[PDB]
Amino acid sequence: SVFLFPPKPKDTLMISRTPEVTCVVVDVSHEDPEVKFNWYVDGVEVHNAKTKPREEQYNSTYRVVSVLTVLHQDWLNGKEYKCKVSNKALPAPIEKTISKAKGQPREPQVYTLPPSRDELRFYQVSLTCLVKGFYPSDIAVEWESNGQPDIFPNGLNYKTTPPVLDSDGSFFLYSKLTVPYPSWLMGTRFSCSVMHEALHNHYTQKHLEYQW
Amino acid sequence: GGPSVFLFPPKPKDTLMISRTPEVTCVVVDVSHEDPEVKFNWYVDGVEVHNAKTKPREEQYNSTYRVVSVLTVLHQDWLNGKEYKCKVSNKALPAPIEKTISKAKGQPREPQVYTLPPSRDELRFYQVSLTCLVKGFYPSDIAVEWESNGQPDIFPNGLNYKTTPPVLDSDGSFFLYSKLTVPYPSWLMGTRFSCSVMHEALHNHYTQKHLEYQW
Ligand SMILES: *[C@@H]1O[C@H](CO[C@@H]2O[C@@H](C)[C@@H](O)[C@@H](O)[C@@H]2O)[C@@H](O[C@@H]2O[C@H](CO)[C@@H](O[C@@H]3O[C@H](CO[C@H]4O[C@H](CO)[C@@H](O)[C@H](O)[C@@H]4O[C@@H]4O[C@H](CO)[C@@H](O)[C@H](O)[C@H]4NC(C)=O)[C@@H](O)[C@H](O[C@H]4O[C@H](CO)[C@@H](O)[C@H](O)[C@@H]4O)[C@@H]3O)[C@H](O)[C@H]2NC(C)=O)[C@H](O)[C@H]1NC(C)=O
């Protein structure tokens, strides 16, 4: 069986990062550990990929991974990436194809919402980031603060929901940042950072802070 | 070749409302035209039961059948954590397949339900977002709905809302958001919108928080 994976959204949107398609091969036997990979971008073969050391599994199978570095603009422009796997236990090679989702890109709207009055009873309060109206669903969301590091030594404690298909064919998600009520009253500025293909510089940022 | 079994839990709203009929569903896939017969045996805490109902086998677009057996469960039985076991027999299986499902173990935790008005920056648009935060509940089985006192000429097809799936939070509990999209005029109009949350750990398995424009 073959599994072909897309690049990480944040990798395709930042020039400094390295996006890559990942072609995983499973059900590899001990008698047949040979695996060959052929990569094709829009049908044209490319030879920049790199195979990884075969991973022995606890169920007596191997896991063979082949990575291909892609150009950010190639993936965003919708070029197809095809992985071709050859093995003796396979009558013929397996070809999987992956590409970015089709459809006109749509720009996310980012809204920050303070905690409810009813939540201030608790020591931990919830800072909310609403990201709606974007397409495709590939997106990256993070939180930041201008707080000094001992205030958040282990970083910020936030979770983000997966994209949800909205009633108009676009996607939305929420990201929840949990902070102590004192650091909220302290006036610290917290920032929801959203990275998406349709944004200017693939990046936008919305802030949230208390006012005494 | 070989069939595969998948055992699914009841729907959260069905187990939390006494008026509803919750049921465990045992699905069998990759059943071929040859040997389409499938036998089911059900066991609640090991005790065999004969209350199940098999449904007519669905011919699939890949030349396989899909044979479904449903078992009605008692609201109290499921919430108390009884195990439901499905045993599938078919001439294509060297031996039967046994799948077991039950409610998640662990002390149930009560959700906190918070309603959030739209961001000031969203009022540019005719459609605005009313948010319901549901956090700190366990297990993840939950149902969320919205309601309003709005008139039908503004909402002829009902309310337009979507809810995220539960997300595991950093403390082992779950949280989700539910988004209700309404026209900005009906928000300014003073219409009252209500977030309804149904979970085993709530009083009467139900709670409701309101949201309306503040002057
Ligand atoms: C021939 O075609 C069959 C059905 O037709 C296909 O259906 C889908 C899958 C598309 O491919 C269509 O294009 C096509 O027509 C195939 O049957 C499917 O087999 C696969 C396994 O190969 C099953 O995958 C399993 O899916 C579980 C989820 O199942 C729920 O959600 C599905 C949506 O993805 C939905 O289709 C299912 O019907 C089911 O829906 C729930 O039903 C219950 C009761 O009926 C309801 O109470 C719920 O509300 C429903 N919920 C939803 C959301 O609809 C997974 O849970 C399961 O996971 C298991 O394995 C993974 C990894 O292996 C583990 O991570 C995990 O822990 C767990 O162990 C698995 O992914 C799929 O469900 C089957 N579909 C149906 C409809 O039965 C045949 O495989 C195919 N044969 C071939 C190609 O040879």
Side-chain angles (χ1 to χ4, degrees), chain A residues 106-134 137 139 141 143 152 154-180 192 194 204-209 211, chain B residues 109-137 140 142 144 146 155 157-183 195 197 207-212 214:
Chain A
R106 303 196 275 282
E107 197 183 41
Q109 302 301 304
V110 187
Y111 305 110
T112 58
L113 314 174
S116 176
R117 195 216 302 246
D118 299 335
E119 198 181 21
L120 311 186
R121 276 184 297 164
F122 302 82
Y123 184 70
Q124 300 295 340
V125 297
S126 303
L127 296 182
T128 294
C129 186
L130 165 55
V131 185
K132 65 170 285 188
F134 56 94
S137 64
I139 194 164
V141 175
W143 285 89
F152 312 100
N154 312 295
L156 298 169
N157 173 20
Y158 64 87
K159 302 287 181 179
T160 309
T161 70
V164 172
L165 180 63
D166 217 332
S167 69
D168 72 341
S170 64
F171 292 83
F172 78 92
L173 57 70
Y174 284 92
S175 185
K176 179 166 66 65
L177 172 64
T178 301
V179 306
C192 181
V194 182
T204 186
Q205 200 183 33
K206 299 289 287 192
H207 305 322
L208 192 64
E209 58 191 320
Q211 179 63 239
Chain B
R109 283 192 53 185
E110 197 185 42
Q112 302 300 303
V113 187
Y114 303 109
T115 60
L116 314 175
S119 176
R120 203 191 63 170
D121 299 334
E122 195 178 19
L123 310 187
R124 278 187 299 163
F125 302 96
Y126 186 69
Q127 299 295 339
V128 297
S129 303
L130 288 55
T131 294
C132 185
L133 165 54
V134 186
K135 67 172 287 279
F137 57 96
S140 66
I142 193 164
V144 176
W146 286 87
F155 309 98
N157 312 294
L159 297 171
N160 175 19
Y161 61 86
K162 299 285 181 179
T163 308
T164 70
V167 171
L168 180 63
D169 216 332
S170 69
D171 70 341
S173 64
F174 292 93
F175 78 90
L176 58 71
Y177 286 85
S178 184
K179 180 165 67 66
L180 172 64
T181 302
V182 305
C195 181
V197 181
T207 187
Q208 200 184 34
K209 295 291 287 189
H210 303 321
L211 190 63
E212 56 194 320
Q214 303 289 317

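Order of the sequence lines sets the chain letters (A, B, ...), proteins ahead of strands, with each chain counted from 1. The analysis underlying the following values was restricted to heavy atoms, covering all of them including side chains, and did not include hydrogens, waters or symmetry mates.
Residues A:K176 and B:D169 form a side-chain contact, since some pair of their non-hydrogen atoms from C-beta on lies under 4.5 Å apart. Within the 4.5 Å cutoff, the side chain of B:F175 has heavy atoms near those of the A:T161 side chain.
With 3.5 Å as the limit, one finds no donor-acceptor pair spanning the side chains of A:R121 and B:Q112.
Interface summary for chain A: among B:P166, B:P117, B:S170, the most heavy-atom pairs under 4.5 angstrom belong to B:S170. Counting heavy-atom pairs under 4.5 Å between each of A:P162, A:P115, A:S116 and chain B puts A:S116 at the top. In terms of non-hydrogen atom pairs under 4.5 Å with chain A, the most contact-rich of B:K209, B:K135, B:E122 is B:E122.
Using a 4.5 Å cut-off between heavy atoms, B:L168 touches chain A through its backbone atoms (N, CA, C, O) alone. For chain A, the nearby part of B:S129 is the side chain; its heavy atoms alone come within less than 4.5 Å. Only the side chain of B:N160 comes within contact range of chain A, judged by heavy atoms closer than 4.5 Å.
Ring orientation note: the planes of B:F125 and A:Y111 are nearly perpendicular, at an angle over 60° on the 30°/60° scale.
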Candidate pair A:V164 and B:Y177, rule side chain to side chain contact (heavy atoms under 4.5 Å, CB included), full reasoning:
CA-CA 11 Å; A:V164 172; B:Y177 286 85; over 6 Å; no
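Going from atom CG of B:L133 over to atom CG of A:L113 covers 10.0 Å, rounded to the nearest 0.5 Å.
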